[PDB]
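Take a look at the structure below.
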Amino acid sequence: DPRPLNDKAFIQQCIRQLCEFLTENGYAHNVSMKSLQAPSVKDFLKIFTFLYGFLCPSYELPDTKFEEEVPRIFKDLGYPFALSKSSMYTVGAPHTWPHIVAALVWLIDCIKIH
């Protein structure tokens with residue numbers, strides 16, 4: 001894994017990129033650096049739904065089996081890094097969020113092109 005996910009400054013950079021993309025592109029809810037430090041599973045899913053909607057406009061917010069569906073979508077998009085069920089259940093936890101925010105930023109990058 002080539003990513004410096006332990007570098008706290010690097011993960012603030014990822015969070016800032018998330019904050020800026022959501023803000024710039026008309027996400028429905030107020031977001032801040034503060035509110036993106038440790039999101040709930042429900043807020044993560046709202047964020048993920050907003051982002052994946054750029055690629056799949058009819059995409060609906062998951063809930064049932066989201067811990068299966070969300071990693072499956074990333075896998076299907078060619079994301080090379082592991083997203084475990086454990087991570088899905090604990091997305092906002094201190095040692096989980098860095099991996100998840102990295103995945104969202106990669107998703108943002110792929111939206112920004114395609």
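Ligands are numbered from 1 in the order shown, chains are lettered A, B, ... in the order of the structure tokens, and residues start at 1 in each chain.
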
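By chain and then residue number, the residues within 10 Å of residue 14 (chain A) are residues 5, 8, 20, 98, 100, 101, 102, 103, 104, 105 and 106 of chain A, counting only C-alpha atoms and disregarding those fewer than 6 positions away in sequence.
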
Got time to write the residues from that selection, N, CA, C and O atoms, as a JSON list (two decimals), in the first residue's frame?
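This is the output file out-v8.json:
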[["chain", "number", "residue", "atom", "x", "y", "z"],
["A", 5, "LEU", "N", -1.29, 6.64, 4.90],
["A", 5, "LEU", "CA", -2.58, 6.81, 5.61],
["A", 5, "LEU", "C", -2.42, 7.11, 7.09],
["A", 5, "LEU", "O", -3.36, 7.57, 7.75],
["A", 8, "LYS", "N", -1.26, 12.24, 9.45],
["A", 8, "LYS", "CA", -2.50, 12.93, 9.82],
["A", 8, "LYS", "C", -2.75, 14.13, 8.91],
["A", 8, "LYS", "O", -3.88, 14.40, 8.52],
["A", 20, "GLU", "N", -14.42, 20.13, -0.18],
["A", 20, "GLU", "CA", -14.47, 21.11, -1.27],
["A", 20, "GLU", "C", -15.34, 20.59, -2.42],
["A", 20, "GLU", "O", -16.16, 21.34, -2.98],
["A", 98, "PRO", "N", -9.52, 7.11, 7.66],
["A", 98, "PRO", "CA", -8.48, 7.42, 6.67],
["A", 98, "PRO", "C", -8.58, 6.60, 5.37],
["A", 98, "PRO", "O", -8.40, 7.14, 4.29],
["A", 100, "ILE", "N", -11.36, 5.11, 4.25],
["A", 100, "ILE", "CA", -12.63, 5.38, 3.59],
["A", 100, "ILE", "C", -12.57, 6.73, 2.88],
["A", 100, "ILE", "O", -13.03, 6.85, 1.73],
["A", 101, "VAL", "N", -12.02, 7.74, 3.56],
["A", 101, "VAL", "CA", -11.92, 9.06, 2.91],
["A", 101, "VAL", "C", -10.99, 8.97, 1.69],
["A", 101, "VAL", "O", -11.24, 9.63, 0.70],
["A", 102, "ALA", "N", -9.94, 8.14, 1.76],
["A", 102, "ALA", "CA", -9.06, 7.93, 0.61],
["A", 102, "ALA", "C", -9.83, 7.36, -0.57],
["A", 102, "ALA", "O", -9.63, 7.77, -1.72],
["A", 103, "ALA", "N", -10.73, 6.42, -0.28],
["A", 103, "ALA", "CA", -11.59, 5.82, -1.31],
["A", 103, "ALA", "C", -12.56, 6.84, -1.93],
["A", 103, "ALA", "O", -12.75, 6.82, -3.14],
["A", 104, "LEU", "N", -13.16, 7.70, -1.10],
["A", 104, "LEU", "CA", -14.06, 8.76, -1.59],
["A", 104, "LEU", "C", -13.32, 9.75, -2.49],
["A", 104, "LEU", "O", -13.86, 10.23, -3.51],
["A", 105, "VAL", "N", -12.08, 10.04, -2.14],
["A", 105, "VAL", "CA", -11.28, 11.00, -2.92],
["A", 105, "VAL", "C", -10.90, 10.40, -4.27],
["A", 105, "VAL", "O", -10.95, 11.07, -5.31],
["A", 106, "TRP", "N", -10.59, 9.11, -4.26],
["A", 106, "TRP", "CA", -10.34, 8.39, -5.52],
["A", 106, "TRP", "C", -11.60, 8.40, -6.40],
["A", 106, "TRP", "O", -11.52, 8.60, -7.61]]

Inset, instruction - Write out as a count of residues only all residues of region 20-112 of chain A that backbone DSSP assigns to alpha helix (DSSP H). - result: 49

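Taking CA of residue 89 (chain A) and CA of residue 48 (chain A) as the two end points, the separation is 14.3 Å.
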
Inset, instruction - Tell me which protein, DNA and RNA residues are within 12 Å of region 64-81 of chain A, counting only C-alpha atoms, leaving out same-chain ones fewer than 3 positions away, and put them as a PyMOL selection string. - result: chain A and resi 1-3+41-42+44-49+51-53+55-56+59-61+84-91+99-100+102-107+109-111+114

Expected file: the selected residues, N, CA and C atoms, as a compact mmCIF listing (two decimals), in the first residue's frame:
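Final output, saved to again25.txt:
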# COMPACT_ATOMS: atom_id res chain seq x y z
N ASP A 1 0.85 -1.24 0.00
CA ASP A 1 0.00 0.00 0.00
C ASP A 1 0.87 1.27 0.00
N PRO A 2 0.82 2.02 -1.11
CA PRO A 2 1.72 3.16 -1.29
C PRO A 2 1.26 4.43 -0.56
N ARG A 3 0.09 4.40 0.09
CA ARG A 3 -0.51 5.60 0.64
C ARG A 3 -0.08 5.83 2.09
N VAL A 41 -22.21 6.32 9.95
CA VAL A 41 -22.47 5.45 8.80
C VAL A 41 -23.55 6.08 7.91
N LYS A 42 -24.60 6.62 8.53
CA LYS A 42 -25.69 7.19 7.73
C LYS A 42 -25.22 8.38 6.88
N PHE A 44 -22.09 8.95 5.94
CA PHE A 44 -21.20 8.39 4.93
C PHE A 44 -22.03 7.91 3.72
N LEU A 45 -23.10 7.17 4.00
CA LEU A 45 -23.91 6.65 2.88
C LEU A 45 -24.56 7.78 2.06
N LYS A 46 -24.99 8.86 2.71
CA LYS A 46 -25.55 10.03 1.97
C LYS A 46 -24.46 10.61 1.06
N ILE A 47 -23.25 10.71 1.59
CA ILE A 47 -22.11 11.26 0.84
C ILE A 47 -21.79 10.34 -0.32
N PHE A 48 -21.70 9.05 -0.04
CA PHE A 48 -21.37 8.08 -1.10
C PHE A 48 -22.44 8.10 -2.22
N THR A 49 -23.70 8.21 -1.83
CA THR A 49 -24.82 8.21 -2.79
C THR A 49 -24.76 9.42 -3.70
N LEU A 51 -21.99 11.14 -4.41
CA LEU A 51 -20.87 10.95 -5.32
C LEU A 51 -21.15 9.91 -6.40
N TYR A 52 -21.62 8.72 -6.02
CA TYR A 52 -21.83 7.70 -7.04
C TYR A 52 -22.93 8.10 -8.04
N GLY A 53 -23.84 8.97 -7.61
CA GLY A 53 -24.90 9.51 -8.52
C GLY A 53 -24.39 10.22 -9.77
N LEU A 55 -21.96 9.06 -11.56
CA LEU A 55 -21.68 7.97 -12.49
C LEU A 55 -22.93 7.18 -12.82
N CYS A 56 -23.85 7.14 -11.87
CA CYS A 56 -25.05 6.30 -11.95
C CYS A 56 -26.21 7.15 -11.44
N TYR A 59 -28.98 5.94 -9.08
CA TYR A 59 -28.56 5.27 -7.86
C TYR A 59 -29.37 5.74 -6.66
N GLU A 60 -29.85 4.78 -5.88
CA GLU A 60 -30.60 5.03 -4.65
C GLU A 60 -29.77 4.77 -3.41
N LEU A 61 -29.96 5.60 -2.37
CA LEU A 61 -29.28 5.42 -1.08
C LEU A 61 -29.48 3.97 -0.65
N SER A 84 -13.38 -3.59 3.67
CA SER A 84 -13.93 -4.75 4.40
C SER A 84 -15.29 -4.43 4.94
N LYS A 85 -16.07 -5.45 5.27
CA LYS A 85 -17.30 -5.19 6.03
C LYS A 85 -17.04 -4.46 7.34
N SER A 86 -15.97 -4.83 8.06
CA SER A 86 -15.61 -4.20 9.36
C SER A 86 -15.45 -2.68 9.18
N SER A 87 -14.78 -2.28 8.10
CA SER A 87 -14.61 -0.85 7.78
C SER A 87 -15.96 -0.18 7.51
N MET A 88 -16.83 -0.85 6.77
CA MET A 88 -18.17 -0.29 6.48
C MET A 88 -18.98 -0.04 7.75
N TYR A 89 -18.87 -0.95 8.73
CA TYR A 89 -19.58 -0.83 9.99
C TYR A 89 -19.02 0.29 10.86
N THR A 90 -17.75 0.64 10.64
CA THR A 90 -17.05 1.59 11.52
C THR A 90 -16.42 2.75 10.73
N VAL A 91 -17.12 3.23 9.71
CA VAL A 91 -16.50 4.15 8.74
C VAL A 91 -15.84 5.36 9.37
N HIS A 99 -8.88 5.30 5.50
CA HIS A 99 -9.05 4.39 4.36
C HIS A 99 -10.30 4.73 3.55
N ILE A 100 -11.36 5.11 4.25
CA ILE A 100 -12.63 5.38 3.59
C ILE A 100 -12.57 6.73 2.88
N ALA A 102 -9.94 8.14 1.76
CA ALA A 102 -9.06 7.93 0.61
C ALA A 102 -9.83 7.36 -0.57
N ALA A 103 -10.73 6.42 -0.28
CA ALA A 103 -11.59 5.82 -1.31
C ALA A 103 -12.56 6.84 -1.93
N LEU A 104 -13.16 7.70 -1.10
CA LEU A 104 -14.06 8.76 -1.59
C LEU A 104 -13.32 9.75 -2.49
N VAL A 105 -12.08 10.04 -2.14
CA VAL A 105 -11.28 11.00 -2.92
C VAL A 105 -10.90 10.40 -4.27
N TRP A 106 -10.59 9.11 -4.26
CA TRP A 106 -10.34 8.39 -5.52
C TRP A 106 -11.60 8.40 -6.40
N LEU A 107 -12.77 8.23 -5.77
CA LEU A 107 -14.07 8.28 -6.47
C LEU A 107 -14.30 9.68 -7.05
N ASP A 109 -11.94 11.77 -7.88
CA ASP A 109 -11.04 11.93 -8.98
C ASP A 109 -11.62 11.27 -10.24
N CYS A 110 -12.18 10.08 -10.09
CA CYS A 110 -12.72 9.41 -11.27
C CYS A 110 -13.99 10.13 -11.83
N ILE A 111 -14.81 10.73 -10.96
CA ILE A 111 -15.92 11.60 -11.38
C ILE A 111 -15.38 12.81 -12.18
N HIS A 114 -14.15 11.29 -15.94
CA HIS A 114 -15.32 10.67 -16.57
C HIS A 114 -16.64 11.31 -16.16

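Remark: for residue 113 (chain A), the closest of the candidate residues A:22, A:63, A:17, A:54 is A:54 (distances computed over only C-alpha atoms).
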
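Atom pair CA of residue 93 (chain A) / CA of residue 37 (chain A): separated by 9.3 Å.
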
Inset, instruction - Figure out the distance between CA of residue 19 (chain A) and CA of residue 31 (chain A), please, to one decimal in Å. - result: 6.5 Å

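For the set A:50, A:10, A:96, A:4, the residue with the smallest atom-to-atom gap to residue 26 (chain A) is A:50, counting only C-alpha atoms.
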